[PDB]
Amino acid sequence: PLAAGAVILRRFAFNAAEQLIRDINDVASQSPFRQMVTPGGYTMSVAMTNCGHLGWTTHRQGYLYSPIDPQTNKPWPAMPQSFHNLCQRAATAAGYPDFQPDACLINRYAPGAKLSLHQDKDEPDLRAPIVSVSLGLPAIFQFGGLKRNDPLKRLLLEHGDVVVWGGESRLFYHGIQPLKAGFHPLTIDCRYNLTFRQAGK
């Protein structure tokens, strides 16, 4: 395997993509995309929003999952059907039939935007996989191992690609390299990524 515990499903979301993007726009109409500030004080180049019961966000100089969007003071929008159903099909195919995400982080990349190498290890149950769905322009995804200094590997993620990151891979350090400019007929000039998480207890 390229990554222990990971299941790559290329073009799995290709047919669903137009609906998924419509639903991204619907979510963003309620909880807008925003570029969050890191604890180090830097404005992220990736713009974000969330849907589901919980949303990943900065709050009081840390990160956490919150039921309320701090920008609107309202709940994050409910998980769209298209999101829920796509995630469940992917997770089930990959051997995680009980995966029940309560958070979906929606990342938007303009040309040049990047995501610095990091782990997601603050979720209560690290046995639950993350399901990652790529839409629009292609991006180079980098991933290493459980330690920051483990060797990095790189994989192009293209429109409609889904990866279910389970087992050990769930805790790999990962990031996205600066997005190359281009054109995609459904997203125009950007990439979106959905990451479904079980963030609740």
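In this text, rigid core is short for the largest set of C-alphas that superpose within 1.5 Å between two forms. Numbering starts at 1 and runs along the sequence shown.
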**Asked** Do the Cα atoms of 102 to 110 or those of 120 to 128 sit farther, on average, from the shown form in 4 other deposited structures of this protein after fitting on the core?
**Response** 120 to 128
**Prompt:** So which moves more in 4 other deposited structures of this protein by CA, 40 to 48 or 54 to 62, given a superposition on the core?
**Reply:** 54 to 62
**Complete:** Comparing mean C-alpha B factor in the record for 26 to 34 and 58 to 66, the higher one is 58 to 66
**Asked** 122 to 130 versus 83 to 91: which one carries the higher mean Cα B factor per the record?
**Response** 122 to 130
**Fill in**
Residue set 160, 138, 166, 41, per-entry CA B-factor max assigned to 41
**Item:** B-factor third for the C-alpha atom of residue 199 within its chain
**Value:** highest
**Item:** Relative C-alpha B-factor of residue 115, binned into the chain's lowest, middle or highest third
**Value:** middle
**Asked** In terms of the CA temperature factor given in the entry, to which third of its chain does residue 177 belong: lowest, middle or highest?
**Response** lowest
**Asked** For residue 149, does the deposited CA B-factor place it in the lowest, middle or highest third of the chain?
**Response** highest
**Request:** Can you work out whether the C-alpha temperature factor of residue 187 puts it in the lowest, middle or highest third of the chain?
**Result:** lowest
